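A.B. asks: fold the following and give me the result.
(2 chains)
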Amino acid sequence: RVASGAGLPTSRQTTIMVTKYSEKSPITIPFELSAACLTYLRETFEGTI
Amino acid sequence: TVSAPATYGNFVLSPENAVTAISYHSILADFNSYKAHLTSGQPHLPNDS
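C.D. replies: Numbers count the residues shown, from 1 in each chain, chains lettered A, B, ... in the order given. Next up is the structure itself:
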């Protein structure tokens, strides 16, 4: 604050306070596997070419 | 006293058969044998698998 002259009202000092806030925004992607695909992944039948 | 066979037979697929089973949905027994007979020109097969 600047200092004032004669006959003019002076300036009171002013502390200021403020606050920011965070914002949420999540994401998601689906990926799918056919059961026919999984069944050859784990089960294995008569081992043939 | 008949001399009957003691065990079931087995008919393994050829690694060449795996290709024509996929691309052509078809299996011609002993695909490795017909390639050699057409290469040799010989018309007769000793046995038909």
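A.B. asks: just give the closest residue to the spatially most central residue of chain B, not the sequence neighbours.
C.D. replies: In chain B, the residue lying closest to the centroid (C-alpha atoms, centre = their mean) is residue B:30, at 2.6 Å. Among residues not flanking residue B:30 along the chain, residue B:49 sits closest, at 5.1 Å (C-beta to C-beta, 6 or more residues apart in numbering or on different chains). To be clear about C-beta, it is placed using only N, CA and C from the backbone, and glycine gets the same treatment.
A.B. asks: one step back: any idea how far the residue nearest to the centre of chain B lies from residue B:23?
C.D. replies: 19 Å (C-beta to C-beta, to the nearest Å).
A.B. asks: separation between the residue nearest to the centre of chain B and chain A?
C.D. replies: Applying C-beta to the nearest C-beta, to the nearest Å, the value for residue B:30 to chain A is 15 Å.
A.B. asks: show me what from chain B comes close to chain A.
C.D. replies: B:12, B:13, B:14, B:15, B:17, B:18 (C-beta under 8 Å from any C-beta of the partner chain).
A.B. asks: tell me which two in these are the farthest apart.
C.D. replies: B:12 and B:18 (11.3 Å; C-beta to C-beta).
A.B. asks: mind checking which of those two has more residues around it?
C.D. replies: residue B:18 (14 against 8; other C-beta atoms under 10 Å in any protein chain shown).
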